[PDB]
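*Asks:* Contents of start.cif (mmCIF, C-alpha atoms) are given next:
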data_run
loop_
_atom_site.label_atom_id
_atom_site.label_comp_id
_atom_site.auth_asym_id
_atom_site.auth_seq_id
_atom_site.Cartn_x
_atom_site.Cartn_y
_atom_site.Cartn_z
CA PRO O 21 0.00 0.00 0.00
CA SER O 22 1.00 3.65 -0.18
CA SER O 23 -0.48 5.29 2.92
CA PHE O 24 -1.96 4.30 6.28
CA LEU O 25 -4.93 6.10 7.84
CA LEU O 26 -4.30 6.36 11.57
CA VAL O 27 -7.11 7.07 14.03
CA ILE O 29 -8.41 7.26 20.59
CA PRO O 30 -11.26 5.71 18.60
CA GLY O 31 -13.88 5.75 21.36
CA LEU O 32 -13.46 9.45 22.22
CA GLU O 33 -13.81 10.80 18.69
CA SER O 34 -16.08 13.68 19.74
CA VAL O 35 -13.65 15.94 21.64
CA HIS O 36 -10.00 15.77 20.61
CA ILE O 37 -8.49 19.21 21.26
CA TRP O 38 -8.84 18.88 25.04
CA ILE O 39 -6.96 15.54 25.11
CA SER O 40 -3.82 16.96 23.45
CA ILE O 41 -2.97 19.43 26.25
CA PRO O 42 -1.39 16.82 28.59
CA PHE O 43 0.61 15.27 25.74
CA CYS O 44 1.93 18.63 24.54
CA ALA O 45 2.84 19.62 28.10
CA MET O 46 4.61 16.30 28.71
CA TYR O 47 6.56 16.57 25.46
CA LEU O 48 7.64 20.14 26.23
CA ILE O 49 8.69 19.17 29.77
CA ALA O 50 10.69 16.17 28.54
CA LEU O 51 12.41 18.18 25.81
CA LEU O 52 13.33 21.00 28.19
CA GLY O 53 14.59 18.64 30.89
CA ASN O 54 16.72 16.56 28.53
CA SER O 55 18.11 19.69 26.86
CA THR O 56 19.07 21.15 30.25
CA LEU O 57 20.63 17.87 31.38
CA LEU O 58 22.79 17.70 28.25
CA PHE O 59 23.65 21.41 28.42
CA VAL O 60 24.84 21.30 32.04
CA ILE O 61 27.55 18.75 31.19
CA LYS O 62 28.86 20.84 28.27
CA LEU O 67 31.39 15.95 36.50
CA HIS O 68 33.59 13.78 34.26
CA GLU O 69 32.58 10.50 35.90
CA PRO O 70 31.32 7.26 34.32
CA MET O 71 27.93 7.47 36.04
CA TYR O 72 27.38 10.92 34.55
CA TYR O 73 28.36 9.58 31.12
CA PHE O 74 25.71 6.87 31.39
CA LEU O 75 23.20 9.46 32.61
CA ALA O 76 23.98 11.64 29.58
CA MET O 77 23.56 8.69 27.21
CA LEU O 78 20.24 7.84 28.87
CA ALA O 79 19.02 11.42 28.55
CA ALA O 80 20.02 11.66 24.88
CA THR O 81 18.38 8.34 23.96
CA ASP O 82 15.25 9.27 25.91
CA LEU O 83 14.95 12.66 24.21
CA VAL O 84 15.41 11.17 20.74
CA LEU O 85 12.80 8.50 21.53
CA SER O 86 10.30 11.08 22.81
CA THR O 87 10.76 13.34 19.78
CA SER O 88 9.94 10.44 17.42
CA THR O 89 6.33 9.82 18.51
CA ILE O 90 4.70 12.98 19.89
CA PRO O 91 4.52 15.19 16.74
CA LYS O 92 2.48 12.65 14.76
CA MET O 93 -0.04 12.31 17.61
CA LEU O 94 -0.25 16.08 18.04
CA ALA O 95 -0.79 16.56 14.30
CA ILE O 96 -3.54 13.93 14.28
CA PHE O 97 -5.23 15.55 17.27
CA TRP O 98 -5.06 19.13 15.99
CA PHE O 99 -4.74 19.22 12.19
CA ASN O 100 -6.69 15.97 11.58
CA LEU O 101 -4.07 14.90 9.02
CA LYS O 102 -4.18 11.13 9.57
CA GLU O 103 -2.08 9.86 6.64
CA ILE O 104 1.32 8.23 7.19
CA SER O 105 3.60 6.87 4.48
CA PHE O 106 4.62 3.22 4.75
CA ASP O 107 8.31 4.11 4.94
CA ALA O 108 7.54 6.47 7.82
CA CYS O 109 5.68 3.70 9.66
CA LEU O 110 8.61 1.28 9.31
CA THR O 111 11.08 3.97 10.41
CA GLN O 112 8.99 4.90 13.45
CA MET O 113 8.63 1.25 14.49
CA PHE O 114 12.36 0.59 14.24
CA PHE O 115 13.31 3.80 16.05
CA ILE O 116 10.88 3.26 18.93
CA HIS O 117 11.90 -0.34 19.59
CA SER O 118 15.64 0.29 19.20
CA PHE O 119 15.53 3.23 21.61
CA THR O 120 13.59 1.26 24.22
CA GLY O 121 16.27 -1.43 24.02
CA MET O 122 19.04 1.09 24.37
CA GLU O 123 17.39 2.68 27.38
CA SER O 124 17.24 -0.73 29.07
CA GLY O 125 20.90 -1.37 28.25
CA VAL O 126 21.91 2.01 29.65
CA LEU O 127 20.09 1.26 32.90
CA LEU O 128 21.96 -2.05 33.16
CA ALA O 129 25.29 -0.28 32.59
CA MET O 130 24.44 2.26 35.29
CA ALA O 131 23.72 -0.56 37.74
CA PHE O 132 27.07 -2.18 36.93
CA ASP O 133 28.87 1.13 37.48
CA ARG O 134 27.19 1.57 40.87
CA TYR O 135 28.20 -1.96 41.90
CA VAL O 136 31.83 -1.51 40.87
CA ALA O 137 31.85 1.80 42.75
CA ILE O 138 30.45 0.40 45.99
CA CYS O 139 32.25 -2.95 46.24
CA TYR O 140 35.63 -1.63 45.00
CA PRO O 141 36.05 2.02 46.06
CA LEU O 142 39.83 2.06 45.52
CA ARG O 143 39.91 0.38 42.07
CA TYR O 144 36.96 2.30 40.62
CA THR O 145 38.99 4.46 38.21
CA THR O 146 41.55 1.80 37.20
CA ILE O 147 38.80 -0.66 36.18
CA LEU O 148 36.55 1.81 34.36
CA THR O 149 38.58 3.52 31.64
CA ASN O 150 37.27 5.79 28.93
CA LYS O 151 38.08 3.06 26.43
CA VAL O 152 36.27 0.30 28.34
CA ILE O 153 33.24 2.51 28.95
CA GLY O 154 33.09 3.35 25.26
CA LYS O 155 33.39 -0.33 24.35
CA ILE O 156 30.53 -1.19 26.72
CA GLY O 157 28.34 1.55 25.26
CA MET O 158 29.11 0.47 21.70
CA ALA O 159 28.32 -3.14 22.63
CA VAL O 160 24.97 -2.12 24.12
CA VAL O 161 24.06 -0.03 21.06
CA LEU O 162 25.11 -2.81 18.67
CA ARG O 163 23.11 -5.42 20.58
CA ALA O 164 19.99 -3.24 20.58
CA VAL O 165 20.32 -2.42 16.87
CA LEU O 166 20.94 -6.03 15.90
CA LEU O 167 18.00 -7.27 17.92
CA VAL O 168 15.70 -4.55 16.53
CA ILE O 169 16.80 -4.88 12.89
CA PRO O 170 14.77 -8.00 12.00
CA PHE O 171 11.36 -6.48 12.85
CA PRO O 172 10.96 -4.29 9.71
CA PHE O 173 12.34 -7.07 7.49
CA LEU O 174 10.03 -9.71 8.97
CA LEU O 175 7.03 -7.39 8.61
CA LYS O 176 7.92 -6.43 5.02
CA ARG O 177 8.17 -10.15 4.25
CA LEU O 178 4.38 -10.33 4.52
CA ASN O 184 -5.96 0.19 6.22
CA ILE O 185 -6.98 1.74 9.55
CA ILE O 186 -4.92 1.49 12.76
CA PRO O 187 -6.84 2.31 15.99
CA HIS O 188 -3.83 3.93 17.63
CA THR O 189 -1.66 7.06 17.48
CA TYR O 190 1.69 5.58 16.37
CA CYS O 191 2.94 2.52 14.51
CA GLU O 192 3.28 -0.23 17.12
CA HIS O 193 4.59 -3.60 15.95
CA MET O 194 1.96 -5.60 17.84
CA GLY O 195 -0.81 -3.30 16.62
CA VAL O 196 0.42 -3.25 13.02
CA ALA O 197 0.82 -7.04 12.98
CA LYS O 198 -2.95 -7.40 13.37
CA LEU O 199 -3.26 -6.27 9.73
CA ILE O 204 0.15 -13.80 13.76
CA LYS O 205 1.26 -17.05 15.41
CA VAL O 206 4.93 -16.68 14.40
CA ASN O 207 5.86 -13.03 14.99
CA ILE O 208 4.69 -13.25 18.61
CA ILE O 209 7.36 -15.87 19.40
CA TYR O 210 10.17 -13.52 18.39
CA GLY O 211 8.42 -10.57 20.03
CA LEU O 212 8.38 -12.53 23.29
CA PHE O 213 11.99 -13.71 22.85
CA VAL O 214 13.34 -10.18 22.37
CA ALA O 215 11.49 -8.99 25.49
CA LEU O 216 13.19 -11.70 27.59
CA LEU O 217 16.63 -10.81 26.19
CA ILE O 218 16.88 -7.02 26.57
CA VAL O 219 14.26 -6.47 29.31
CA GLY O 220 13.90 -9.82 31.06
CA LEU O 221 17.66 -10.20 31.55
CA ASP O 222 17.95 -6.62 32.81
CA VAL O 223 15.75 -7.48 35.80
CA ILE O 224 17.90 -10.49 36.71
CA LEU O 225 21.19 -8.62 36.34
CA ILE O 226 19.96 -5.59 38.31
CA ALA O 227 18.69 -7.84 41.11
CA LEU O 228 22.02 -9.67 41.19
CA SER O 229 23.95 -6.38 41.24
CA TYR O 230 21.78 -5.10 44.11
CA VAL O 231 21.91 -8.23 46.28
CA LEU O 232 25.71 -8.21 45.97
CA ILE O 233 25.86 -4.53 46.95
CA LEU O 234 23.61 -5.00 49.99
CA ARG O 235 25.55 -8.14 50.98
CA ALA O 236 28.72 -6.02 51.16
CA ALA O 237 27.72 -3.49 53.81
CA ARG O 238 26.98 -6.40 56.08
CA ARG O 239 30.50 -7.78 56.39
CA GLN O 240 32.44 -4.50 56.34
CA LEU O 241 30.52 -3.25 59.37
CA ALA O 242 30.52 -6.71 60.96
CA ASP O 243 34.34 -6.80 60.83
CA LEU O 244 34.70 -3.51 62.72
CA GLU O 245 32.06 -4.58 65.24
CA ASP O 246 33.94 -7.84 65.77
CA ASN O 247 37.21 -5.97 66.32
CA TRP O 248 35.66 -3.65 68.90
CA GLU O 249 33.97 -6.53 70.72
CA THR O 250 37.12 -8.66 70.80
CA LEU O 251 39.34 -5.82 72.03
CA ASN O 252 36.86 -4.95 74.75
CA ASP O 253 36.20 -8.52 75.73
CA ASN O 254 39.86 -9.46 75.73
CA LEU O 255 40.78 -6.41 77.79
CA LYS O 256 38.29 -7.36 80.47
CA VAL O 257 40.10 -10.69 80.60
CA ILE O 258 43.46 -8.97 80.97
CA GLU O 259 42.06 -6.87 83.80
CA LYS O 260 40.97 -10.11 85.41
CA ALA O 261 44.33 -11.74 84.67
CA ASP O 262 46.24 -14.17 86.90
CA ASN O 263 49.29 -15.49 85.01
CA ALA O 264 52.48 -14.37 83.27
CA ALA O 265 51.52 -16.43 80.22
CA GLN O 266 47.92 -15.29 79.97
CA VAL O 267 48.96 -11.63 79.90
CA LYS O 268 51.29 -12.26 76.96
CA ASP O 269 48.75 -14.40 75.11
CA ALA O 270 46.15 -11.65 75.44
CA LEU O 271 48.51 -8.80 74.55
CA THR O 272 49.55 -10.52 71.32
CA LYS O 273 45.91 -10.82 70.24
CA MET O 274 45.44 -7.17 71.19
CA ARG O 275 48.35 -6.11 68.97
CA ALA O 276 47.02 -8.18 66.07
CA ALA O 277 43.49 -6.80 66.41
CA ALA O 278 44.70 -3.21 66.67
CA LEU O 279 46.88 -3.63 63.59
CA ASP O 280 44.02 -5.10 61.56
CA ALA O 281 41.53 -2.46 62.71
CA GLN O 282 43.90 0.39 61.87
CA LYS O 283 44.51 -1.18 58.47
CA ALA O 284 40.76 -1.38 57.84
CA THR O 285 40.40 2.34 58.78
CA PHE O 302 41.43 9.21 64.23
CA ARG O 303 44.71 8.09 62.68
CA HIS O 304 47.36 8.86 65.26
CA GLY O 305 45.13 7.40 67.92
CA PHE O 306 45.60 3.92 66.50
CA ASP O 307 49.37 4.49 66.60
CA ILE O 308 49.14 5.55 70.24
CA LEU O 309 47.06 2.48 71.15
CA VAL O 310 49.57 0.26 69.35
CA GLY O 311 52.45 1.91 71.20
CA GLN O 312 50.72 1.41 74.54
CA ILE O 313 50.15 -2.26 73.69
CA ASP O 314 53.82 -2.57 72.75
CA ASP O 315 54.98 -0.97 76.00
CA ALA O 316 52.75 -3.34 77.97
CA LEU O 317 54.14 -6.32 76.04
CA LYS O 318 57.75 -5.48 76.91
CA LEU O 319 57.04 -5.30 80.65
CA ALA O 320 55.26 -8.66 80.58
CA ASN O 321 58.25 -10.05 78.68
CA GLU O 322 60.33 -9.21 81.76
CA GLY O 323 58.11 -11.19 84.15
CA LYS O 324 56.18 -8.40 85.90
CA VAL O 325 52.41 -8.77 86.28
CA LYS O 326 51.41 -5.61 88.15
CA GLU O 327 53.19 -3.30 85.71
CA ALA O 328 51.48 -4.98 82.76
CA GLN O 329 48.08 -4.59 84.41
CA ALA O 330 48.83 -0.91 85.06
CA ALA O 331 49.83 -0.38 81.43
CA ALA O 332 46.64 -2.11 80.29
CA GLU O 333 44.56 0.14 82.54
CA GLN O 334 46.38 3.18 81.17
CA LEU O 335 45.64 2.12 77.58
CA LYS O 336 41.90 2.17 78.37
CA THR O 337 42.05 5.98 78.50
CA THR O 338 43.26 6.30 74.91
CA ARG O 339 40.79 3.55 73.99
CA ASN O 340 37.85 5.57 75.30
CA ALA O 341 39.33 8.69 73.70
CA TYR O 342 39.56 7.30 70.17
CA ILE O 343 37.68 3.98 70.09
CA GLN O 344 34.37 5.63 70.99
CA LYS O 345 34.62 8.36 68.34
CA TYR O 346 35.87 6.19 65.47
CA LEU O 347 33.18 3.52 65.94
CA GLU O 348 30.48 6.19 66.24
CA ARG O 349 31.32 7.48 62.76
CA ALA O 350 31.91 3.97 61.39
CA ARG O 351 28.23 3.01 61.45
CA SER O 352 27.16 6.29 59.84
CA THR O 353 30.00 5.97 57.32
CA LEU O 354 29.09 2.67 55.65
CA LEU O 355 25.53 3.84 55.13
CA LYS O 356 26.24 7.02 53.16
CA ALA O 357 27.56 4.96 50.23
CA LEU O 358 24.22 3.13 50.07
CA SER O 359 22.32 6.44 49.75
CA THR O 360 24.03 7.31 46.45
CA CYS O 361 22.27 4.27 44.95
CA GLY O 362 18.86 5.54 46.09
CA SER O 363 18.15 7.77 43.09
CA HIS O 364 18.75 4.90 40.66
CA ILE O 365 16.02 2.82 42.33
CA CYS O 366 13.40 5.46 41.53
CA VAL O 367 14.21 5.30 37.81
CA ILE O 368 13.77 1.52 37.83
CA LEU O 369 10.49 1.84 39.72
CA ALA O 370 9.21 4.46 37.28
CA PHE O 371 10.29 2.58 34.14
CA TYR O 372 9.65 -1.09 34.94
CA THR O 373 6.38 -0.91 36.89
CA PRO O 374 4.55 0.81 33.98
CA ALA O 375 5.93 -1.95 31.75
CA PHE O 376 4.51 -4.62 34.07
CA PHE O 377 1.16 -2.81 34.22
CA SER O 378 1.08 -2.57 30.42
CA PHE O 379 1.94 -6.27 30.11
CA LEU O 380 -0.87 -7.20 32.49
CA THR O 381 -3.37 -4.97 30.67
CA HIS O 382 -2.20 -6.31 27.28
CA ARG O 383 -2.88 -9.92 28.32
CA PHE O 384 -5.95 -9.82 30.61
CA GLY O 385 -7.49 -6.44 29.74
CA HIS O 386 -10.56 -7.55 27.80
CA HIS O 387 -13.48 -5.94 29.65
CA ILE O 388 -12.00 -2.45 29.47
CA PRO O 389 -13.00 -0.49 26.36
CA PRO O 390 -10.21 0.07 23.81
CA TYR O 391 -9.83 3.83 24.34
CA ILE O 392 -8.69 3.17 27.90
CA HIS O 393 -6.14 0.77 26.43
CA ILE O 394 -4.86 3.46 24.05
CA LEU O 395 -4.62 6.08 26.79
CA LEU O 396 -2.82 3.65 29.10
CA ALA O 397 -0.30 2.66 26.42
CA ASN O 398 0.40 6.29 25.56
CA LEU O 399 0.87 7.17 29.24
CA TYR O 400 3.13 4.19 29.93
CA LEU O 401 5.28 5.08 26.92
CA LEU O 402 5.40 8.83 27.65
CA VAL O 403 5.66 9.33 31.43
CA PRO O 404 9.18 7.82 31.86
CA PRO O 405 10.49 10.59 29.57
CA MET O 406 8.77 13.07 31.89
CA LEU O 407 10.01 11.51 35.14
CA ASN O 408 13.64 10.76 34.25
CA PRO O 409 15.09 14.30 33.86
CA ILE O 410 13.29 15.57 36.97
CA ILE O 411 14.86 12.85 39.13
CA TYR O 412 18.45 13.34 37.95
#
Please, can you express the file's structure as C-alpha cells?

*Replies:*
Amino acid sequence: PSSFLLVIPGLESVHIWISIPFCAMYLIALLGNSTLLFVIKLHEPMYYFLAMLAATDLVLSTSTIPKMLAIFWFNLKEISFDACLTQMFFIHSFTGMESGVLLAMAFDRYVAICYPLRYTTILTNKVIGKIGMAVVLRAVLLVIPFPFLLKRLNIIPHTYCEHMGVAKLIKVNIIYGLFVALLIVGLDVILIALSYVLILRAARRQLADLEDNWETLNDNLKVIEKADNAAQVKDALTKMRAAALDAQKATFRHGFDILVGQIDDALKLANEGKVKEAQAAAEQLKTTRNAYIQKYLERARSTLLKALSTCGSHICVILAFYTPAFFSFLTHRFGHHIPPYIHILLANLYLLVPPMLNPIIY
C-alpha cells in the first residue's frame, strides 16, 4: 500500500482537550533533557551513562509525539509506509538502548560500591566506550529483524505505529516478540537484582568486621584486667596487637598508633616477668581507647551507610520505568473488559511518562 490512515477511537467527539497533557509532557521532557545535556557541556562514568540515557530518551520522545499532536489538531491522519517502518524501528531500538543504559548504570554503581579504591583503574574511557558500543550494537541487531520480517508479509486504531498493533493487519511473529522482550528487558531485571543483592551483601561484612574488632578488644581487655598469670597476659597482649593492627589497616589516625604503642609498651614489661606493671599499662591504655575507640566507631556506622544512599536515586528510575511496563503487560494480556480507548490512553501514558520523570529525578 501507499499510505496508512491512523485514528483514541472511542473518544472521537472531543480531541483538542486531550492533546494538552501530551503537549505539556513533550515540552517538559524536551526542556529537561536539553538542560541535562547542556549542564555537562562531572567527568565521571555514572554521569556519562546518565547523559547517554538522557540523549536516547529525548530522541525517543521526539519520534512519537509530533504525529499524535498533528492527528489531534490538524486531523491529518495519513502516514507513508516508509515512515511507519522507520517509526517502528526507532521506537523499539531506543527502548532497548534505554534498558541497556540502565543495566550499565547498575554495573557502574556496583563496581563503585564494592571496589572504592579500584573504581577508576577498572573503568577507563576506552572500556566505557566499548561497553556503550556493545549495548548499542546489541539493541540495533535485535531490533533490525522487525521491519524485514514485517515487510516479508488500512486503519490502525492507535496514534503511532506499534509492531503488535500493526501485525494485526500472527502465530509466528509473537514468538520472536516474546523472545526479544526476555533478552533485553527480562535479563535486565535479573542482572539488576544480582547487582543489588551483591551490593547489599557487602555493607553487612564490612561493618561486621569492625564490630567484631571492637567486641574482641573490649572482651579481651576485660580478661586482661581479670588476669592471673604471666603467660595469659602475653597471650592476650599478642591478640590485642594483632586486632589493633588489623583495625587500623581497615580504617582518628594517630590514635591507633598511640594504642599500638601502649600495647607494645605493655608487652615489653610482661616479657620481663612483671604482672602488676602490665596490668597498670593495660589500665592506662583504656584511657586512649575511650578517647579514640568511641569516636571512630560512632562514625563507622554512619560511614558505611552514606555509600548506600548514592544508589537511592537509581532505584526510583527503575520503579518508574519497569512498573509501567509490568502494568502494560498485564493490561495487554488480561485487559478484555476495558474499552479500547482506555487501552490506548494507558499505552500512551506508559510510553510517555518515563520521559517526563527521568530528567526531573536526575

*Asks:* Taking into account only C-alpha atoms, which residue in the set O:402, O:412, O:213, O:221 is nearest to residue 82 of chain O?

*Replies:*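 Closest to residue 82 of chain O, using only C-alpha atoms: O:402.
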
*Asks:* Using all atoms listed in the file, find the one residue out of O:86, O:139, O:327, O:94 that sits nearest to residue 38 of chain O.

*Replies:*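 Residue with the minimum atom-to-atom distance to residue 38 of chain O: O:94.
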
*Asks:* In Å to one decimal, how far is atom CA of residue 282 of chain O from atom CA of residue 265 of chain O?

*Replies:* 26.0 Å

*Asks:* Quick one: apply the PyMOL selection byres ((chain O and resi 313-324) around 12) to the file and drop the selected residues here as a PyMOL selection string.

*Replies:* chain O and resi 251+255+258+262-279+306-312+325-336+338-339

*Asks:* Residues near residue 281 of chain O, anyone? I mean within 8 Å using only C-alpha atoms, not counting same-chain ones fewer than 4 positions away, as a VMD selection string.

*Replies:* chain O and resid 244 247 277 285

*Asks:* Report the distance between atom CA of residue 350 of chain O and atom CA of residue 131 of chain O in Å, rounded to one decimal place.

*Replies:* 25.4 Å

*Asks:* Taking all atoms listed in the file into account, name the residue in O:381, O:337, O:100, O:229 that is nearest to residue 395 of chain O.

*Replies:*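 The answer is O:381, which sits nearest to residue 395 of chain O.
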
*Asks:* If you count only C-alpha atoms, which residues fall within 8 Å of segment 170-192 of chain O, apart from same-chain ones fewer than 5 positions away, as a ChimeraX atom specification?

*Replies:* /O:24-27,29-30,89,92-93,96,109-110,112-114,197,199,394

*Asks:* For the residues in that selection, give me C-alpha atoms as a PDB file, keeping the file's coordinate frame.

*Replies:*
ATOM      1  CA  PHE O  24      -1.960   4.300   6.280  1.00  0.00           C
ATOM      2  CA  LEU O  25      -4.930   6.100   7.840  1.00  0.00           C
ATOM      3  CA  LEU O  26      -4.300   6.360  11.570  1.00  0.00           C
ATOM      4  CA  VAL O  27      -7.110   7.070  14.030  1.00  0.00           C
ATOM      5  CA  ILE O  29      -8.410   7.260  20.590  1.00  0.00           C
ATOM      6  CA  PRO O  30     -11.260   5.710  18.600  1.00  0.00           C
ATOM      7  CA  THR O  89       6.330   9.820  18.510  1.00  0.00           C
ATOM      8  CA  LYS O  92       2.480  12.650  14.760  1.00  0.00           C
ATOM      9  CA  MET O  93      -0.040  12.310  17.610  1.00  0.00           C
ATOM     10  CA  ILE O  96      -3.540  13.930  14.280  1.00  0.00           C
ATOM     11  CA  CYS O 109       5.680   3.700   9.660  1.00  0.00           C
ATOM     12  CA  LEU O 110       8.610   1.280   9.310  1.00  0.00           C
ATOM     13  CA  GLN O 112       8.990   4.900  13.450  1.00  0.00           C
ATOM     14  CA  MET O 113       8.630   1.250  14.490  1.00  0.00           C
ATOM     15  CA  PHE O 114      12.360   0.590  14.240  1.00  0.00           C
ATOM     16  CA  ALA O 197       0.820  -7.040  12.980  1.00  0.00           C
ATOM     17  CA  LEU O 199      -3.260  -6.270   9.730  1.00  0.00           C
ATOM     18  CA  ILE O 394      -4.860   3.460  24.050  1.00  0.00           C
TER      19      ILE O 394
END

*Asks:* Please evaluate the PyMOL selection byres ((chain O and resi 57) around 10) against the displayed coordinates and give the resulting residues as a compact mmCIF listing (two decimals) with C-alpha atoms, in the frame of the given file.

*Replies:*
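Result file is selection.txt:
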# COMPACT_ATOMS: atom_id res chain seq x y z
CA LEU O 51 12.41 18.18 25.81
CA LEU O 52 13.33 21.00 28.19
CA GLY O 53 14.59 18.64 30.89
CA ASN O 54 16.72 16.56 28.53
CA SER O 55 18.11 19.69 26.86
CA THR O 56 19.07 21.15 30.25
CA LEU O 58 22.79 17.70 28.25
CA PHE O 59 23.65 21.41 28.42
CA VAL O 60 24.84 21.30 32.04
CA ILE O 61 27.55 18.75 31.19
CA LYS O 62 28.86 20.84 28.27
CA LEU O 75 23.20 9.46 32.61
CA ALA O 76 23.98 11.64 29.58
CA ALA O 79 19.02 11.42 28.55
CA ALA O 80 20.02 11.66 24.88
CA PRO O 409 15.09 14.30 33.86
CA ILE O 410 13.29 15.57 36.97
CA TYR O 412 18.45 13.34 37.95

*Asks:* Go ahead and compute the interatomic distance for atom CA of residue 163 of chain O and atom CA of residue 193 of chain O, in Å to one decimal.

*Replies:*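 Interatomic distance, atom CA of residue 163 of chain O to atom CA of residue 193 of chain O: 19.2 Å.
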
*Asks:* I'd like a table as a tab-separated table: residues in segment 205-281 of chain O with an atom no more than 12 Å from segment 374-379 of chain O, each row giving the shortest atom pair and its distance in Å to one decimal, only C-alpha atoms counted, sorted by chain and rising residue number.

*Replies:*
residue	atom	partner	partner_atom	distance
O:212	CA	O:379	CA	11.3
O:215	CA	O:375	CA	10.9
O:219	CA	O:375	CA	9.8
O:220	CA	O:376	CA	11.1
O:223	CA	O:376	CA	11.7

*Asks:* Restricting the calculation to only C-alpha atoms, which member of O:108, O:205, O:346, O:120 is positioned closest to residue 78 of chain O?

*Replies:*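 So, comparing all the options, the nearest one is O:120.
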
*Asks:* Ranking O:49, O:121, O:40, O:169 by minimum distance to residue 216 of chain O and counting only C-alpha atoms, which one comes first?

*Replies:*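 Result for the nearest residue to residue 216 of chain O: O:121.
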
*Asks:* Could you check which of O:283, O:399, O:115, O:404 is closest to residue 243 of chain O, using only C-alpha atoms?

*Replies:*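 Nearest candidate to residue 243 of chain O out of O:283, O:399, O:115, O:404: O:283.
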
*Asks:* Using the atoms already present, construct N, CA, C and O atoms for segment 401-412 of chain O and hand them back as a PDB file, keeping the file's coordinate frame.

*Replies:*
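Output contents, as saved in result03.pdb:
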ATOM      1  N   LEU O 401       4.147   4.764  27.779  1.00  0.00           N
ATOM      2  CA  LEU O 401       5.280   5.080  26.920  1.00  0.00           C
ATOM      3  C   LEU O 401       5.829   6.483  27.160  1.00  0.00           C
ATOM      4  O   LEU O 401       7.028   6.701  26.959  1.00  0.00           O
ATOM      5  N   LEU O 402       4.998   7.425  27.603  1.00  0.00           N
ATOM      6  CA  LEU O 402       5.400   8.830  27.650  1.00  0.00           C
ATOM      7  C   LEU O 402       5.846   9.327  29.012  1.00  0.00           C
ATOM      8  O   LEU O 402       6.661  10.247  29.069  1.00  0.00           O
ATOM      9  N   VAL O 403       5.322   8.788  30.112  1.00  0.00           N
ATOM     10  CA  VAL O 403       5.660   9.330  31.430  1.00  0.00           C
ATOM     11  C   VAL O 403       7.091   9.039  31.883  1.00  0.00           C
ATOM     12  O   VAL O 403       7.620   9.832  32.674  1.00  0.00           O
ATOM     13  N   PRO O 404       7.762   7.954  31.486  1.00  0.00           N
ATOM     14  CA  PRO O 404       9.180   7.820  31.860  1.00  0.00           C
ATOM     15  C   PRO O 404      10.035   8.939  31.283  1.00  0.00           C
ATOM     16  O   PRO O 404      10.936   9.440  31.974  1.00  0.00           O
ATOM     17  N   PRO O 405       9.801   9.372  30.030  1.00  0.00           N
ATOM     18  CA  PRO O 405      10.490  10.590  29.570  1.00  0.00           C
ATOM     19  C   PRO O 405      10.222  11.814  30.427  1.00  0.00           C
ATOM     20  O   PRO O 405      11.094  12.683  30.532  1.00  0.00           O
ATOM     21  N   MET O 406       9.036  11.928  31.022  1.00  0.00           N
ATOM     22  CA  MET O 406       8.770  13.070  31.890  1.00  0.00           C
ATOM     23  C   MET O 406       9.497  12.917  33.225  1.00  0.00           C
ATOM     24  O   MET O 406      10.059  13.886  33.749  1.00  0.00           O
ATOM     25  N   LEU O 407       9.506  11.704  33.782  1.00  0.00           N
ATOM     26  CA  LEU O 407      10.010  11.510  35.140  1.00  0.00           C
ATOM     27  C   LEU O 407      11.530  11.511  35.189  1.00  0.00           C
ATOM     28  O   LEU O 407      12.120  12.003  36.159  1.00  0.00           O
ATOM     29  N   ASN O 408      12.188  10.958  34.166  1.00  0.00           N
ATOM     30  CA  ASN O 408      13.640  10.760  34.250  1.00  0.00           C
ATOM     31  C   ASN O 408      14.430  12.048  34.446  1.00  0.00           C
ATOM     32  O   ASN O 408      15.263  12.091  35.366  1.00  0.00           O
ATOM     33  N   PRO O 409      14.250  13.112  33.651  1.00  0.00           N
ATOM     34  CA  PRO O 409      15.090  14.300  33.860  1.00  0.00           C
ATOM     35  C   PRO O 409      14.835  14.997  35.187  1.00  0.00           C
ATOM     36  O   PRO O 409      15.758  15.588  35.761  1.00  0.00           O
ATOM     37  N   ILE O 410      13.602  14.943  35.695  1.00  0.00           N
ATOM     38  CA  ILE O 410      13.290  15.570  36.970  1.00  0.00           C
ATOM     39  C   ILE O 410      13.964  14.884  38.145  1.00  0.00           C
ATOM     40  O   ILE O 410      14.253  15.536  39.153  1.00  0.00           O
ATOM     41  N   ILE O 411      14.245  13.588  38.036  1.00  0.00           N
ATOM     42  CA  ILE O 411      14.860  12.850  39.130  1.00  0.00           C
ATOM     43  C   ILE O 411      16.347  13.159  39.194  1.00  0.00           C
ATOM     44  O   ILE O 411      16.893  13.440  40.266  1.00  0.00           O
ATOM     45  N   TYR O 412      17.012  13.125  38.041  1.00  0.00           N
ATOM     46  CA  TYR O 412      18.450  13.340  37.950  1.00  0.00           C
ATOM     47  C   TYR O 412      18.798  14.807  37.735  1.00  0.00           C
ATOM     48  O   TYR O 412      19.907  15.132  37.303  1.00  0.00           O
TER      49      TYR O 412
END
